[PDB]
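Throughout, read-outs are computed from the coordinates displayed, never taken from laboratory work. Backbone-built Cβ (ideal geometry, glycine too); neighbour counts: all protein chains shown.
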Amino acid sequence: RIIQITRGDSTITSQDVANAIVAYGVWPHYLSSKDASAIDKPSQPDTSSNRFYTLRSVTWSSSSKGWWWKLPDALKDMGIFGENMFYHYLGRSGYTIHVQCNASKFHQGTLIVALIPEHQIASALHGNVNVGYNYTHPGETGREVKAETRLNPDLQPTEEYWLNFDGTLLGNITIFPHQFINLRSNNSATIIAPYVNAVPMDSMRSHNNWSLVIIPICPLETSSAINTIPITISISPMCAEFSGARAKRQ
Amino acid sequence: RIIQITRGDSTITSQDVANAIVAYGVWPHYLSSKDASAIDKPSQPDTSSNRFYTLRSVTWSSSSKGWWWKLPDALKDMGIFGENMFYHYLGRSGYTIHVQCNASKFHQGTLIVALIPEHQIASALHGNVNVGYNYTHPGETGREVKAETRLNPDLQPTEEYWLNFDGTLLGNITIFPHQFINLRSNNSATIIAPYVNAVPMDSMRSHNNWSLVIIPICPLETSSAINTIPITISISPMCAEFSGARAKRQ
Amino acid sequence: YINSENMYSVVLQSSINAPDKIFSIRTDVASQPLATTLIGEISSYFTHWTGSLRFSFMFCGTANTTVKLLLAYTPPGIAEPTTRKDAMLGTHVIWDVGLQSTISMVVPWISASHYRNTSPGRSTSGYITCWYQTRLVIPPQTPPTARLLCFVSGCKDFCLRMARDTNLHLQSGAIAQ
Amino acid sequence: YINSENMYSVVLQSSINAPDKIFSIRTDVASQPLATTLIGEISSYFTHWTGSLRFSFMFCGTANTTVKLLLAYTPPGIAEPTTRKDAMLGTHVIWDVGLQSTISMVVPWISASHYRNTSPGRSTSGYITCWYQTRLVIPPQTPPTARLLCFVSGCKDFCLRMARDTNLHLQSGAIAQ
Amino acid sequence: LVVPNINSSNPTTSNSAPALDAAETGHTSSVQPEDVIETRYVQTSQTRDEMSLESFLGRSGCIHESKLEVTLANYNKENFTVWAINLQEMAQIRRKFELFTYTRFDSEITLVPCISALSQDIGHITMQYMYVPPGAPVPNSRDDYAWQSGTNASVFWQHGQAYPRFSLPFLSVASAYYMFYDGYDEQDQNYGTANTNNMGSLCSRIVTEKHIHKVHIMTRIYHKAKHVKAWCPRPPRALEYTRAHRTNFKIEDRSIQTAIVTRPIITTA
Amino acid sequence: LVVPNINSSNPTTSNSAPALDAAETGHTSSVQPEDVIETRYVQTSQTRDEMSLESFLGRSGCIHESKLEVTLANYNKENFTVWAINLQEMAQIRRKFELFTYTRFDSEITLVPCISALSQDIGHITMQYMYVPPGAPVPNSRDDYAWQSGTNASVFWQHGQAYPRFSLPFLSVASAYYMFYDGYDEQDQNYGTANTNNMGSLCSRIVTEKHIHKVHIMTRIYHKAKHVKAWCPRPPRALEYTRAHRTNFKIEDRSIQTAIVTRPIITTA
Amino acid sequence: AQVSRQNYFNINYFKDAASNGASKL
Amino acid sequence: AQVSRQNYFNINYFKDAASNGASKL
Ligand SMILES: CCCCCCCCCCCC(=O)O
Ligand SMILES: CCCCCCCCCCCC(=O)O
């Protein structure tokens, strides 16, 4: 039940885990010379970039339908990791995602926490439309399912969370690395994920590798006055490597 | 006469050197655990920070009296090195300074290029005055001897370049690591300098370790129409290490 | 809360649903409020110090009350953090208050010089700040606030030198026989 | 040229077609102008000295400018030379300024006693004089003058004894705190 | 005495949380830097000798200032002083020893006698300092027979002489000195260390016979502990002392004032 | 420490010109007497010990002159002095140490106390000199409780006593003293060594109680470095000093004056 | 006898132990 | 111990090294 994960100068503790999941059974590791493409020495900032970064908390209420964040986008503003991300053409990283949500023994609810590779979102409308860059790059704020009028909507992604935002049934989302946070049992979910791509390193600004999706499968219910509780996400890059240094991209 | 120094993804060549000087006979190296004070792992960005950064060129004319820059201040805005400098409380670095100045066999002039440790500048005025932080932190622009009215002058450093800006005679400046660029013989000066301080790492924002002073000891003279020539400085951090990460200091 | 037992605890609130700062303190062993603790008092009999400090916290709410807190240490050279984002960019621990009511966090020695003065001038070793990571949640019919206790001691690391008289005690007059 | 960088260089002239004297200086380490150099300053903290002095010169004219100079050392017991003939009768070096811009000449220790006083009275260790051996020649469209730099340091030979306070620095008043 | 080295540390992902404990147990946490952060290997080189009790208490500090105002009128009748020895009258020393419940050590006493001239000259002044253990006759005048010092220890100082000094062995009838005593008289009186700490008196007189120069002699007494041992540490005194042998701290018409300094808001360091 | 011998030398006619070099390189020439002249074989016999740093800096020089003018009116209120210790206030010593960027050494302090009689007699005078490290309470009066010296080091001198002396170990929190510091406060203020060189104060008081003789006491403090090490030599100070901890040299309504003496013509030595 | 130090000479000159200097740690 | 000189007797009498005389070169 007790976890303690130490990353840089950061340590996470959780007295109520469903022990951690290692996506696809592979622990993150630095890129091997046998798989490498680019020929310059990759810079490895170590503890200055491989540490836990806590994002802006979201509120879980009885009418919440879901949220998603994309990596590495969510960390583009995070200290040294964010800096390296934009000073270099190529980057590569694994992550430890720790989703935290505590309540009480008098609260009930269940979240599905999934990490999806190449989560190519569907657009909201019909016709010849596609999702605009800005909308799949919300930053640490992430995206929350709101079912109610946004803009240049021919550029917006779909809000059909029950179709995994991409035309497949929620429900089968379990085929992806995931954990459930069932309030009567745990107060956190931890997923360790390696780098997954069809190329050894890639552009972090242009390609998001993982999408983190959180969906309340069973609603938050309680008789307590504290009837909304936050969900906080802390993500730690792991084995971050960068290559192709030049000016910082704006 | 021919040099080629390769640092990160940067290479310097000079077909007319007075071969390089290694300040105090010590080659730069990472901080040893035997001398260390701070107890966290220092981040070492490697090729992303240990590369040549070229500063804004200055013009050498017949009325030039001198210039100076301070390290690490001069590089505070330089890529990944500048970033690390402000995200961390402590830093440590050696440098390769390559001063370049070409002319023609029909030009004559001589520069003294000195690297001074703890160059504590004197203030311009008499009385109870001291040098203001902004004036010893000019950035890549450096400071040029101009003998003519500046501001809040009770905060300004002295312009007595012939007194090394500190009350000692130019002329004895040779006691410091230095090289001469005598136009009839060379077109560059190269000084490799290790970290020198009474503590193992230090605050880069608050303490400048080296001061780079350039002074025309023999004036630029020529019958050519090209009667002013630039002096360009390229500095490469070496074995840069940082420790004590937190938010970026503004 | 000054001349009572209340100066020793902080009250957490379930009504706060935000990443608010709960408290902060300088990390200098002999600075206030650390000055009058055992380690601060002994440090005040010396001029220099070095080493790591261990800070421990004890949650004193109900067995049914929960919360996650962010305890962070900000190395020097910058102003103390005013937002959770800036605080977490430093050394920190995320504390899940569940069945164990206590946690220990270590403030490592991160200094240019090997020792620091116990009487700091315009100087600091940094700060420790506490923030709501999630929220103080309680079931029905449970007190809506809970207290937190903070302890300090030195690690194996810790060392003091150059004995001197303390500035934390006075004699302004004769002591009657 | 006194409070500037010009006190450190001598100007040679192409218009001079004669065996003229360019400059001269006493050889006594703590006499003027040697007194304020590194070696002159350290020597002024001692009473006696011995050893050989190394004098080096750097020609700073154009790469196309040439000249041959006569650098001579006149042992004591006689007035400093006023003609090239008298100068060359002593210890000397004929310097051809071509591709190397520098030369070093050594003033050997030639003294009756093993040591000399750093503060000389009616005494000298001799002189160093510089003369045109040929002429400063330049092609068309080249500056007609060129500068020369002179350096001094001691040889393996060099030694000082009997520490004393320096006459090269003063305190005429209090130093403000 | 060496401080341990800071060892290298790596990123851990485990079931054992060294940072998590229960302070309810009354035990201090065992977490070191390596348990909470990815630590760098540093070779610490600090001795802890200066922090030893011998070093801390083994320093001379003032414990008494004895003022003798020489009267020329009743020269033999007065001109002597008596002081019941104790370490409770001067704050700096008292606070250091009270950091422990029981202490045991030998004592080094150094005297600093200063003659204040109140006439044109001071002549020749000689002083006698006698240690009077409990029970021995205490002098009643400058010419008391007790000054013969047939068996008590006396030390003499004359103008011009260096500072007198001598050692005393651990003096108690018990195995250690009581810095605190939660007890009474056999008569249910005098709560405190007044019962336990009866070391006798230090008496002094000006030895020189009647003369014509008024002078005051102030002898300050310095005490240094040697070969020290101590037991049961206590929190340091937080308020000014008011009386010897009592932990009383209340002062009339004055509020309790500790060394804690207040701040406006606790969210700003 | 031996100086090398001058070897025999002969007439050379060669392709290698040892006299010819390039000083552009920043390297000092290696030419010795034998390279430029037909040298005689001399057996030099000079030690270089006196030129060592230990010898050069290991000499006692004045660093402070502390004047205490004893006032009889407010005897306990005043009559004490405070001085923030440093090596910047007296030129001879300051210039020698500033020949290096960083220095490290132990210190020997010798005191020379002189009583100036302003009355018919001087009576018996005793002084106390206390070292107050940064943070320890600084005395506010002659009778301040801080003079109890419970743990600070104090030294006493009385008229008639030889010159006091004691050693201090290397005091910095860094590995060496900063003779120069190109840096600031954590507040971007106080450029210079004022930041780095905070060694506390030396405080003194006349210990003798109120008396009737006016006197002034001037205690000169001498400092000698022992077991010396130094790094990064610098050119010697060329002008008068004006302030402590600052390299400032400008004086009001006065031109810059170095030790260089001018001559009329450079062709006459 | 001789002792090392953080080498020096040291012997006791008096017959009572209370007379001795500071204790060795 | 005994040392040669530019022979003499010398031993340290105090327990702290700062107390020692000038260093041997
Ligand atoms: C004769 C000179 C004075 C000797 C003083 C040493 C006695 C210390 C007794 C400690 C007990 C106490 O007062 O609390
Ligand atoms: C208590 C007597 C005085 C001891 C003086 C030694 C301190 C030297 C510190 C050197 C730093 C400086 O002032 O530049």
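Per-residue shielding of G:14-25, expressed as the average number of other chain Cβ atoms within 10 Å of the residue Cβ, stands at 6. Taking the Cα centre of the protein assembly as shown as reference, the dipole from Cβ charges on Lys and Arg (+1) and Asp and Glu (-1) amounts to some 1640 debye.
The residues neighbouring residue B:102, those whose beta-carbon lies less than 13 Å from its own, together hold a net charge of +1 under the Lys/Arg +1, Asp/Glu -1 convention.
Need one word for chain E: rounded, prolate or oblate. Basis is the Cα gyration tensor (sqrt eigenvalues a ≥ b ≥ c); a/c below 1.5 gives rounded, then a/b vs b/c decides. Note, shape of chain E comes out prolate. Placing unit charges on the Cβ atoms of the charged side chains and taking the dipole of segment B:62-202 about its Cα centre, the candidate lying farthest along the positive direction among B:110, B:185, B:86 is B:185. The mean number of partner chain beta-carbon atoms within 10 angstrom of a residue's beta-carbon across peptide B:72-84 is 2. Among the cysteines of chain D, those with no neighbouring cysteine Cβ under 4.7 Å are D:130, D:150, D:155, D:159.
Between residue E:247 and residue E:260, the simple label model (points 7 Å from Cα in the Cβ direction) yields a spacing of 1.8 nm.
With its label point defined 7 Å out from Cα along the Cα-to-Cβ axis, residue B:148 lies at 6.7 nm from the matching points of the other copies, in increasing order.
Just to be sure I understand: with springs between alpha-carbon atoms less than 10 Å apart, which residue in B:214, B:229, B:39 has the highest mean-square fluctuation in the Gaussian network model of chain B? Residue with maximal mean-square fluctuation among B:214, B:229, B:39: B:39. Taking the centroid of alpha carbons for each part, segment E:51-128 and segment A:196-250 are 73 Å apart. Applying D = kT/(6 pi eta Rh) to chain C, where Rh is the Kirkwood radius over alpha-carbon pairs, T corresponds to 4 °C and eta to 1.567 mPa s, the Stokes-Einstein value obtained is 73 µm²/s.
Taking only the C-alpha atoms of segment A:40-84, Rg followed by Dmax gives 14.8, 52 Å. The packing ranking of peptides F:225-231, E:256-262, A:195-201, B:162-168, highest mean first, is B:162-168, F:225-231, A:195-201, E:256-262, where packing means the average number of other beta carbon atoms within 10 angstrom of each residue. When residue B:27 is represented by a point 7 angstrom out along its Cα-to-C-beta vector, the spacings to that point in the other copies are 3.6 nm, nearest first. When E:77, A:34, C:156 are sorted by how many other C-beta atoms sit within 10 angstrom of their C-beta, beginning with the fewest, the order is A:34, E:77, C:156. Overall size of the protein assembly as shown from C-alpha positions, given as principal axis extents largest first: 118, 115, 57 Å. Per-residue shielding of F:200-213, expressed as the average number of other chain Cβ atoms within 10 Å of the residue Cβ, stands at 4. Modelled spin-label separation between residue C:60 and residue F:114, with each label point placed 7 Å from Cα along the Cα-to-Cβ direction: 6.6 nm.
Measuring from each Cβ of chain A to the axis carrying A onto B, the nearest residue and its distance in whole Å come out as A:83, 2. Here the label points at residue B:152 and residue F:163, each 7 Å from Cα along the C-beta direction, are separated by 4.8 nm in the simple model.
Give me log10 I(q)/I(0) at q = 0.16 Å⁻¹ for chain A, Debye formula, one equal scatterer per alpha-carbon, no solvent. Taking Cα atoms of chain A as identical point scatterers yields -1.23. Straight-distance candidates among the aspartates and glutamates for linking to residue C:68, with alpha-carbon spacing under 14 Å and chain neighbours fewer than 8 residues away dropped: A:16, C:20, C:96. Local charge for residue F:20 was computed over the other residues whose Cβ lies under 11 Å away, with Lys and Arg +1 and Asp and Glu -1, and equals -3. Compared with the rule-of-thumb size 2.2 N^0.38 Å for a compact globular protein, segment A:90-148 has a Cα radius of gyration ratio of 1.57. Take residue G:20, push a point 7 Å out from Cα through the beta-carbon direction, and compare it with the same point in every other copy: 2.6 nm, smallest first. Would you mind counting up the charge near residue F:134? Only other residues with Cβ under 15 Å from its Cβ, with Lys and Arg at +1 and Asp and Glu at -1. Charge balance in the 15 Å sphere: +2.
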